[PDB]
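> Below is the file coords31.txt, which contains compact mmCIF, C-alpha atoms and all ligand atoms.
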# COMPACT_ATOMS: atom_id res chain seq x y z
CA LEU A 204 20.96 -17.22 23.15
CA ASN A 205 21.93 -14.03 21.27
CA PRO A 206 21.10 -10.55 22.71
CA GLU A 207 21.48 -8.75 19.37
CA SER A 208 18.86 -11.15 17.93
CA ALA A 209 16.79 -10.43 21.08
CA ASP A 210 16.74 -6.67 20.34
CA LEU A 211 15.69 -7.41 16.71
CA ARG A 212 12.76 -9.54 17.93
CA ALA A 213 11.78 -6.75 20.30
CA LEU A 214 11.75 -4.36 17.34
CA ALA A 215 9.71 -6.78 15.23
CA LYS A 216 7.11 -7.15 17.99
CA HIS A 217 6.93 -3.35 18.47
CA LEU A 218 6.42 -2.76 14.75
CA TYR A 219 3.72 -5.45 14.43
CA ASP A 220 1.91 -3.96 17.42
CA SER A 221 1.93 -0.41 15.95
CA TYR A 222 0.82 -1.80 12.59
CA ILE A 223 -2.24 -3.49 14.07
CA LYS A 224 -2.99 -0.27 15.92
CA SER A 225 -2.59 1.94 12.79
CA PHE A 226 -4.28 -0.10 10.05
CA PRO A 227 -7.89 -1.17 10.65
CA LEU A 228 -8.02 -3.83 7.92
CA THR A 229 -5.14 -6.32 8.23
CA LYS A 230 -4.12 -8.98 5.77
CA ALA A 231 -5.34 -11.64 8.19
CA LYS A 232 -8.85 -10.13 8.16
CA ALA A 233 -8.74 -9.52 4.42
CA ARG A 234 -7.84 -13.16 3.72
CA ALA A 235 -10.57 -14.41 6.14
CA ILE A 236 -13.08 -12.36 4.16
CA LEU A 237 -11.74 -13.43 0.75
CA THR A 238 -11.48 -17.15 1.52
CA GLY A 239 -14.82 -17.39 3.35
CA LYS A 240 -13.60 -18.09 6.94
CA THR A 241 -16.29 -17.94 9.71
CA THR A 242 -14.46 -15.23 11.71
CA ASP A 243 -15.71 -12.63 9.17
CA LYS A 244 -18.64 -11.85 6.99
CA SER A 245 -19.24 -12.17 3.30
CA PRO A 246 -18.78 -9.06 1.18
CA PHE A 247 -21.40 -7.74 -1.22
CA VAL A 248 -19.93 -8.16 -4.71
CA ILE A 249 -19.96 -5.30 -7.22
CA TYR A 250 -19.47 -6.60 -10.75
CA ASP A 251 -21.67 -4.30 -12.90
CA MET A 252 -23.73 -1.12 -12.77
CA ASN A 253 -26.87 -2.66 -11.22
CA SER A 254 -24.83 -4.37 -8.53
CA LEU A 255 -22.95 -1.11 -7.92
CA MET A 256 -26.25 0.80 -7.33
CA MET A 257 -27.40 -2.14 -5.14
CA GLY A 258 -24.15 -2.10 -3.15
CA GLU A 259 -24.52 1.62 -2.41
CA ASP A 260 -27.59 0.68 -0.32
CA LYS A 261 -25.19 -1.54 1.70
CA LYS A 275 -22.56 11.57 -11.07
CA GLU A 276 -20.68 9.33 -13.57
CA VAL A 277 -19.57 5.86 -12.46
CA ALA A 278 -15.93 5.95 -13.56
CA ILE A 279 -15.43 9.31 -11.87
CA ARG A 280 -17.25 8.11 -8.74
CA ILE A 281 -15.05 5.02 -8.50
CA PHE A 282 -11.92 7.08 -9.18
CA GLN A 283 -12.68 9.63 -6.47
CA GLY A 284 -13.58 6.77 -4.08
CA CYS A 285 -10.06 5.43 -4.66
CA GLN A 286 -8.61 8.89 -4.08
CA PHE A 287 -10.43 9.43 -0.78
CA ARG A 288 -9.43 5.98 0.42
CA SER A 289 -5.86 6.82 -0.50
CA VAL A 290 -5.89 10.01 1.55
CA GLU A 291 -7.09 8.07 4.61
CA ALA A 292 -4.34 5.46 3.86
CA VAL A 293 -1.76 8.30 3.89
CA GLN A 294 -3.13 9.32 7.28
CA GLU A 295 -2.79 5.70 8.61
CA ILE A 296 0.77 5.31 7.19
CA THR A 297 1.85 8.59 8.75
CA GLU A 298 0.60 7.50 12.21
CA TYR A 299 2.51 4.22 11.63
CA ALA A 300 5.70 5.99 10.54
CA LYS A 301 5.82 7.95 13.77
CA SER A 302 6.00 4.67 15.68
CA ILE A 303 9.18 3.65 13.80
CA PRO A 304 11.99 4.18 16.31
CA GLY A 305 14.11 7.16 15.32
CA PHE A 306 11.73 8.54 12.67
CA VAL A 307 10.27 11.51 14.62
CA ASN A 308 13.78 12.42 15.78
CA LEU A 309 14.89 13.03 12.15
CA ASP A 310 15.08 16.49 10.58
CA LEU A 311 11.45 17.52 9.92
CA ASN A 312 12.07 18.23 6.22
CA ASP A 313 13.42 14.70 5.82
CA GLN A 314 10.40 13.23 7.66
CA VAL A 315 8.27 14.95 5.02
CA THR A 316 10.45 13.74 2.13
CA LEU A 317 10.38 10.14 3.35
CA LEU A 318 6.57 10.22 3.61
CA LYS A 319 6.15 11.95 0.24
CA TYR A 320 8.10 9.22 -1.63
CA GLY A 321 7.23 6.30 0.59
CA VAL A 322 3.49 6.48 1.06
CA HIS A 323 2.40 5.38 -2.45
CA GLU A 324 4.78 2.38 -2.45
CA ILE A 325 3.22 1.42 0.88
CA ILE A 326 -0.35 1.93 -0.36
CA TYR A 327 0.23 -0.55 -3.20
CA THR A 328 1.94 -3.05 -0.86
CA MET A 329 -0.99 -3.04 1.51
CA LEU A 330 -3.52 -2.90 -1.30
CA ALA A 331 -2.16 -6.33 -2.36
CA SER A 332 -3.44 -7.71 0.96
CA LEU A 333 -6.96 -6.75 -0.14
CA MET A 334 -6.68 -8.29 -3.60
CA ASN A 335 -6.80 -11.59 -5.31
CA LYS A 336 -6.84 -12.32 -9.03
CA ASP A 337 -10.59 -11.58 -9.30
CA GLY A 338 -10.96 -8.30 -7.43
CA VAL A 339 -10.45 -6.07 -4.45
CA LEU A 340 -12.05 -5.53 -1.05
CA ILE A 341 -13.58 -2.12 -0.48
CA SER A 342 -15.39 -0.32 2.32
CA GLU A 343 -13.38 -1.98 5.06
CA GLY A 344 -14.06 -5.45 3.64
CA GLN A 345 -17.85 -5.04 3.38
CA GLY A 346 -17.65 -4.87 -0.42
CA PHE A 347 -15.71 -6.60 -3.21
CA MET A 348 -15.26 -4.98 -6.58
CA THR A 349 -14.34 -7.31 -9.42
CA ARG A 350 -11.26 -6.85 -11.55
CA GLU A 351 -13.26 -7.28 -14.74
CA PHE A 352 -15.67 -4.53 -13.67
CA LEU A 353 -12.77 -2.11 -13.00
CA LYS A 354 -11.27 -3.09 -16.42
CA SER A 355 -14.55 -2.27 -18.18
CA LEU A 356 -14.55 1.44 -17.21
CA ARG A 357 -14.44 4.18 -19.89
CA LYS A 358 -11.21 4.98 -21.74
CA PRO A 359 -8.84 6.71 -19.32
CA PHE A 360 -10.12 4.90 -16.23
CA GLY A 361 -10.34 1.35 -17.56
CA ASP A 362 -6.69 0.52 -16.86
CA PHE A 363 -5.87 2.43 -13.65
CA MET A 364 -6.17 -0.72 -11.48
CA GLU A 365 -4.66 -3.37 -13.76
CA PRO A 366 -1.00 -2.78 -12.89
CA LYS A 367 -1.91 -3.00 -9.18
CA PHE A 368 -3.64 -6.37 -9.70
CA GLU A 369 -0.65 -7.64 -11.67
CA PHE A 370 1.74 -6.67 -8.90
CA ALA A 371 -0.55 -8.03 -6.20
CA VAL A 372 -0.88 -11.53 -7.64
CA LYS A 373 2.92 -11.81 -7.81
CA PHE A 374 3.50 -10.21 -4.43
CA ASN A 375 0.89 -12.36 -2.71
CA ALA A 376 2.72 -15.50 -3.93
CA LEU A 377 5.37 -14.68 -1.29
CA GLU A 378 2.70 -15.47 1.32
CA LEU A 379 3.76 -12.73 3.72
CA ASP A 380 1.81 -12.15 6.88
CA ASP A 381 1.10 -8.92 8.77
CA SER A 382 4.10 -9.45 11.09
CA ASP A 383 6.39 -9.57 7.97
CA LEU A 384 4.63 -6.63 6.26
CA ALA A 385 4.96 -4.43 9.35
CA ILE A 386 8.76 -4.54 9.07
CA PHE A 387 8.88 -4.36 5.28
CA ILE A 388 6.80 -1.18 5.18
CA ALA A 389 9.09 0.41 7.80
CA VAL A 390 12.00 -0.48 5.55
CA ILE A 391 10.29 1.21 2.59
CA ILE A 392 9.74 4.46 4.56
CA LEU A 393 13.33 4.65 5.81
CA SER A 394 14.88 4.73 2.31
CA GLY A 395 18.09 6.81 2.16
CA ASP A 396 17.88 7.15 -1.67
CA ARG A 397 14.88 9.52 -1.71
CA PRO A 398 15.46 12.72 -3.71
CA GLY A 399 16.36 15.85 -1.72
CA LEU A 400 17.14 14.24 1.66
CA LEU A 401 19.29 16.52 3.75
CA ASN A 402 20.83 14.04 6.19
CA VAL A 403 21.11 10.58 4.69
CA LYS A 404 23.27 8.87 7.37
CA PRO A 405 20.73 8.83 10.25
CA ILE A 406 18.11 7.37 7.88
CA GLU A 407 20.45 4.59 6.63
CA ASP A 408 21.34 3.76 10.26
CA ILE A 409 17.64 3.25 11.05
CA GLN A 410 17.07 1.31 7.83
CA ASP A 411 20.01 -0.99 8.57
CA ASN A 412 18.38 -1.91 11.87
CA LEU A 413 15.00 -2.47 10.20
CA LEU A 414 16.61 -4.64 7.49
CA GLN A 415 18.33 -6.79 10.17
CA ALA A 416 14.94 -7.20 11.91
CA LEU A 417 13.22 -8.07 8.64
CA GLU A 418 15.85 -10.66 7.68
CA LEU A 419 15.56 -12.41 11.07
CA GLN A 420 11.69 -12.21 10.98
CA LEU A 421 11.61 -13.91 7.57
CA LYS A 422 14.15 -16.61 8.49
CA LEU A 423 12.07 -17.37 11.62
CA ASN A 424 8.60 -17.02 10.14
CA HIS A 425 9.45 -18.67 6.80
CA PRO A 426 12.30 -21.17 7.49
CA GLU A 427 11.66 -23.17 4.29
CA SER A 428 11.38 -20.12 1.97
CA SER A 429 14.90 -19.70 0.62
CA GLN A 430 16.06 -16.13 -0.09
CA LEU A 431 12.63 -14.70 0.67
CA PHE A 432 14.37 -11.59 2.08
CA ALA A 433 16.13 -10.94 -1.22
CA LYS A 434 12.94 -11.69 -3.23
CA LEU A 435 10.98 -9.27 -1.11
CA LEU A 436 13.58 -6.52 -1.54
CA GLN A 437 13.50 -7.04 -5.34
CA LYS A 438 9.74 -6.24 -5.22
CA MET A 439 10.69 -2.64 -4.40
CA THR A 440 11.49 -2.30 -8.08
CA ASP A 441 7.92 -3.33 -9.00
CA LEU A 442 6.50 -0.84 -6.50
CA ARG A 443 8.54 2.00 -7.88
CA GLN A 444 7.33 1.24 -11.43
CA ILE A 445 3.65 1.14 -10.37
CA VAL A 446 4.04 4.56 -8.79
CA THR A 447 5.68 5.98 -11.95
CA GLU A 448 2.89 4.59 -14.18
CA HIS A 449 0.17 5.85 -11.88
CA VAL A 450 1.65 9.33 -11.90
CA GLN A 451 1.64 9.42 -15.71
CA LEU A 452 -1.93 8.07 -15.89
CA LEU A 453 -2.97 10.82 -13.52
CA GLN A 454 -1.58 13.52 -15.82
CA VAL A 455 -3.60 12.08 -18.72
CA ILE A 456 -6.77 12.00 -16.61
CA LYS A 457 -6.31 15.61 -15.44
CA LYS A 458 -5.93 16.91 -19.05
CA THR A 459 -8.89 14.91 -20.43
CA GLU A 460 -11.17 15.33 -17.40
CA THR A 461 -10.77 19.02 -16.52
CA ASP A 462 -13.84 18.78 -14.23
CA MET A 463 -12.42 16.07 -11.96
CA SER A 464 -10.91 17.21 -8.67
CA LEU A 465 -7.72 15.87 -7.17
CA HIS A 466 -7.26 16.01 -3.40
CA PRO A 467 -4.63 18.62 -2.32
CA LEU A 468 -2.68 16.13 -0.14
CA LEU A 469 -2.32 13.73 -3.06
CA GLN A 470 -1.53 16.71 -5.27
CA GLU A 471 1.31 17.81 -2.91
CA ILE A 472 2.71 14.29 -2.77
CA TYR A 473 2.72 14.02 -6.60
CA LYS A 474 4.37 17.46 -7.02
CA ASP A 475 7.74 17.01 -8.79
CA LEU A 476 8.09 13.44 -7.51
CA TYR A 477 10.43 12.11 -10.21
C1 LIG B 501 -15.59 2.51 -2.66
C2 LIG B 501 -15.06 2.64 -3.95
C3 LIG B 501 -13.84 2.05 -4.27
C4 LIG B 501 -13.62 1.51 -5.54
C5 LIG B 501 -12.39 0.93 -5.82
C6 LIG B 501 -11.41 0.90 -4.83
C7 LIG B 501 -10.05 0.27 -5.11
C8 LIG B 501 -8.93 1.02 -4.39
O1 LIG B 501 -7.78 0.93 -5.23
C9 LIG B 501 -6.91 1.97 -5.15
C10 LIG B 501 -6.27 2.45 -6.29
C11 LIG B 501 -5.36 3.50 -6.22
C12 LIG B 501 -5.11 4.08 -4.97
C13 LIG B 501 -4.14 5.25 -4.80
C14 LIG B 501 -4.09 6.21 -5.99
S1 LIG B 501 -5.61 6.45 -6.97
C15 LIG B 501 -5.65 8.14 -6.80
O2 LIG B 501 -6.51 8.84 -7.32
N1 LIG B 501 -4.65 8.61 -6.04
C16 LIG B 501 -3.83 7.66 -5.56
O3 LIG B 501 -2.87 7.95 -4.85
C17 LIG B 501 -5.75 3.60 -3.83
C18 LIG B 501 -6.65 2.55 -3.91
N2 LIG B 501 -11.65 1.43 -3.61
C19 LIG B 501 -12.82 1.99 -3.32
Represent the structure of the file as structure tokens.

Amino acid sequence: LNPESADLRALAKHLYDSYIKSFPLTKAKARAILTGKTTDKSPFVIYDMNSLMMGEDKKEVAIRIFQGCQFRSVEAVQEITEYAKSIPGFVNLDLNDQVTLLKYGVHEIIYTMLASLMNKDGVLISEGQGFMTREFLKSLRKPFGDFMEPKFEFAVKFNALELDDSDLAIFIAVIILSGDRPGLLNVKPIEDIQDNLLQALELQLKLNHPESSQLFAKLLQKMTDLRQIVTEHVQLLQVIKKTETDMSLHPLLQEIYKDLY
């Protein structure tokens, strides 16, 4: 019997709803696919070149896989942007700040949600219809061989927190509404929204994970891991671009990466 708690539950429900609406492949579906539940179908597994050419029925392989990742990332940016607009207060912010928050927030969100599609052995692709093994991704030619490893390392750790979609919905909102982003014009309105989101997240985790002591704090500490993945990725990208002068980068990703840090 607390009305402030009641408003925070209302916010949590709203965010979960928009999340399900914005992201076509949820963690719940991903885990059904990965663990072999009967609600969803088995993926075709790509573990080598033959299986890759087989899978394509249902050029340069490293470059093909890399650009696949890129294209998937641009559609993820599109999904995250539609989600962000559902976050109460976001579209009422200064437009330049909306842009800044998306610019710095989207990649940290991509890697958070990518974890949902991963286990220690590989990653779901093509909306869960495929599974590409971690060893196969590791085996790719020099510059490409290690692009995915840091993401797998983060994911195994992150997934040990056993978050569900209802938790992740609030956490990603919290990520987007970060007042510490470089070049923000009006920090106060953003921190006010984030404070509300943090209250909602704390209550969600206490209610959804009553036996998981300090899960809120542990989750927030993962923001440090996300930030480091993004930094590493950015530097790997600059190596790739200099060594592979014939590989195209999508303009949207290019604009996001422009003087990030
Ligand atoms: C169908 C082919 C295919 C094969 C591997 C993956 C794994 C996806 O892993 C990802 C890795 C990084 C990113 C985002 C990164 S990669 C890039 O070029 N730009 C980004 O922002 C997004 C996804 N997806 C699709």
> Go through the chains and note each residue within 9 Å of ligand LIG 501 (chain B), using only C-alpha atoms and all ligand atoms, then give the set as a count of residues only.
41
> Report as JSON lines the residues of region 308-400 of chain A within 10 Å of region 213-220 of chain A, each with its shortest atom pair and distance in Å (one decimal), using all atoms listed in the file, ordered by chain and increasing residue number.

{"residue": "A:381", "atom": "CA", "partner": "A:219", "partner_atom": "CA", "distance": 7.1}
{"residue": "A:382", "atom": "CA", "partner": "A:219", "partner_atom": "CA", "distance": 5.2}
{"residue": "A:383", "atom": "CA", "partner": "A:219", "partner_atom": "CA", "distance": 8.1}
{"residue": "A:384", "atom": "CA", "partner": "A:219", "partner_atom": "CA", "distance": 8.3}
{"residue": "A:385", "atom": "CA", "partner": "A:219", "partner_atom": "CA", "distance": 5.3}
{"residue": "A:386", "atom": "CA", "partner": "A:218", "partner_atom": "CA", "distance": 6.4}
{"residue": "A:387", "atom": "CA", "partner": "A:218", "partner_atom": "CA", "distance": 9.9}
{"residue": "A:388", "atom": "CA", "partner": "A:218", "partner_atom": "CA", "distance": 9.7}
{"residue": "A:389", "atom": "CA", "partner": "A:218", "partner_atom": "CA", "distance": 8.1}
> Considering all atoms listed in the file, state which residue in the set A:422, A:414, A:352, A:459 is at the smallest distance from residue 253 (chain A).
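Nearest candidate to residue 253 (chain A) out of A:422, A:414, A:352, A:459: A:352.
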> Between A:313, A:276, A:295, A:207, which residue has the minimum interatomic distance to residue 404 (chain A), considering all atoms listed in the file?
A:313
> Which of these, A:311, A:228, A:456, A:256, has the shortest distance to residue 243 (chain A) once you count all atoms listed in the file?
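Checking each candidate against residue 243 (chain A), we get A:228 as the closest.
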> When you count all atoms listed in the file, which of these residues is closest to residue 435 (chain A): A:248, A:403, A:356, A:417?
A:417
> Kindly give the distance, in Å, that separates CA of residue 444 (chain A) and CA of residue 394 (chain A), rounded to a single decimal.
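According to the coordinates, CA of residue 444 (chain A) and CA of residue 394 (chain A) are separated by 16.1 Å.
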> At what distance in Å, to one decimal, does CA of residue 415 (chain A) lie from CA of residue 391 (chain A)?
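Calculated distance between CA of residue 391 (chain A) and CA of residue 415 (chain A) is 13.6 Å.
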> Do a neighbour search on residue 370 (chain A) at 12 Å with all atoms listed in the file, toss out local chain neighbours closer than 5 positions, and write the hits as an MDAnalysis selection string.
chainID A and resid 324 327:332 334:336 364:365 375:377 438:446
> Let's have the selection written as a PDB file, in the frame of the given file, with C-alpha atoms.

ATOM      1  CA  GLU A 324       4.780   2.380  -2.450  1.00  0.00           C
ATOM      2  CA  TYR A 327       0.230  -0.550  -3.200  1.00  0.00           C
ATOM      3  CA  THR A 328       1.940  -3.050  -0.860  1.00  0.00           C
ATOM      4  CA  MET A 329      -0.990  -3.040   1.510  1.00  0.00           C
ATOM      5  CA  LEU A 330      -3.520  -2.900  -1.300  1.00  0.00           C
ATOM      6  CA  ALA A 331      -2.160  -6.330  -2.360  1.00  0.00           C
ATOM      7  CA  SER A 332      -3.440  -7.710   0.960  1.00  0.00           C
ATOM      8  CA  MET A 334      -6.680  -8.290  -3.600  1.00  0.00           C
ATOM      9  CA  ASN A 335      -6.800 -11.590  -5.310  1.00  0.00           C
ATOM     10  CA  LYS A 336      -6.840 -12.320  -9.030  1.00  0.00           C
ATOM     11  CA  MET A 364      -6.170  -0.720 -11.480  1.00  0.00           C
ATOM     12  CA  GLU A 365      -4.660  -3.370 -13.760  1.00  0.00           C
ATOM     13  CA  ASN A 375       0.890 -12.360  -2.710  1.00  0.00           C
ATOM     14  CA  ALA A 376       2.720 -15.500  -3.930  1.00  0.00           C
ATOM     15  CA  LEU A 377       5.370 -14.680  -1.290  1.00  0.00           C
ATOM     16  CA  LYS A 438       9.740  -6.240  -5.220  1.00  0.00           C
ATOM     17  CA  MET A 439      10.690  -2.640  -4.400  1.00  0.00           C
ATOM     18  CA  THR A 440      11.490  -2.300  -8.080  1.00  0.00           C
ATOM     19  CA  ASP A 441       7.920  -3.330  -9.000  1.00  0.00           C
ATOM     20  CA  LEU A 442       6.500  -0.840  -6.500  1.00  0.00           C
ATOM     21  CA  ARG A 443       8.540   2.000  -7.880  1.00  0.00           C
ATOM     22  CA  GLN A 444       7.330   1.240 -11.430  1.00  0.00           C
ATOM     23  CA  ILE A 445       3.650   1.140 -10.370  1.00  0.00           C
ATOM     24  CA  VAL A 446       4.040   4.560  -8.790  1.00  0.00           C
TER      25      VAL A 446
END
> Record the distance separating CA of residue 337 (chain A) and CA of residue 350 (chain A), expressed in Å with one decimal.
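Going from CA of residue 337 (chain A) over to CA of residue 350 (chain A) covers 5.3 Å.
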> Find the residue from A:400, A:231, A:390, A:452 that sits nearest to residue 436 (chain A); use all atoms listed in the file when measuring.
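Result for the nearest residue to residue 436 (chain A): A:390.
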> Would you please work out which residue, of A:344, A:321, A:426, A:206, is nearest to residue 393 (chain A) when using all atoms listed in the file?
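Among A:344, A:321, A:426, A:206, it is A:321 that comes nearest to residue 393 (chain A).
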